[PDB]
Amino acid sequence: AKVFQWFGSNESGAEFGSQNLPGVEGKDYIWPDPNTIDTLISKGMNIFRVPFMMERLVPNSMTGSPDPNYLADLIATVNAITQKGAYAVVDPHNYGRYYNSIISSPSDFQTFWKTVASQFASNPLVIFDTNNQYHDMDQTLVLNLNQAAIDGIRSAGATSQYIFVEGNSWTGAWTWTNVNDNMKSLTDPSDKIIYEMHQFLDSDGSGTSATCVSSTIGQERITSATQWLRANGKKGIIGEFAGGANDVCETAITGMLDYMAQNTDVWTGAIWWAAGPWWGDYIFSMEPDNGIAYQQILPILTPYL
């Protein structure tokens, strides 16, 4: 694995067009291309995070049965990643919400997670990610949803796999200590919780501009999260990060990762946002062979692979 336990990319597309449910495959959304994943594997990446919509995988009620077609494509994508030996993160890219309403039933969420984990229980290279970027919702609820997900996953017999938990405030690293302290209390009989945090480098942290605040902004924005993980005996991962293809952002990216590399007692690695087949000229596209980050950023990341 060289520098970090995990270093890789998001593989985005199956969650596209979230205003259109169920939406239409090939029109509103698309699954990752196994051939370009293989290229990224060949460059040394060993983790691929796969966003999908909860409502497309389990329509109508989260306690119901899966949609066969969307599930079949999730299964195929996971197997393409893991058959080679890399890790696949199963990411319900749902912001703590289901049909655009806050998930307020931990029991219902636990049933959803038993359903999903049952599909992958024997695969130790699957990582379950409780939900992408909880935000603007009750802090105790976020804790309880993460715990319910863990309980559902382990109840399915999926005991070998790591579980990525996410906090409130869009799971931002720079905001973590201000809001997410209660997340320290999560329990897991397999002792494989990783605290996933996200971090962008533009002024407001939204990850929507190619301009970075400064050449040190990434390393600055993760220092207090690093100390929190260490003080509480936890492990973390950066599950979503990017910067534009310019000198300032390239320096900020390297400085962030160099800082994480001297703090591997807590940091397990990082996952770029994003590859996937429908990004075109996106400022952060890691998609081989022509994404701008694949061409201009990947060369600066090779030291960590």
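We number the residues from 1 along the sequence you see.
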The stretch whose C-alpha atoms carry the larger average B-factor in the entry, 36-44 or 272-280, is 36-44
Avg C-alpha B-factor, entry values, 22-30 vs 249-257, higher side is 22-30
Listed options 51, 239, 68, 236: highest C-alpha B factor recorded at 68
Reading the B-factor column for Cα atoms of 84, 93, 114, 192, the highest value belongs to 84
Of the three thirds of Cα B-factor ranks in this chain, residue 204 occupies the highest
Split the chain's modelled residues into thirds by Cα B-factor; residue 143 lands in the lowest
Residue 129: CA temperature factor from the record, placed by chain third, in the lowest
Chain-relative C-alpha B factor for residue 175 (record values, thirds): the lowest
So, residue 72's CA B-factor, relative to its chain, sits in which third? The highest
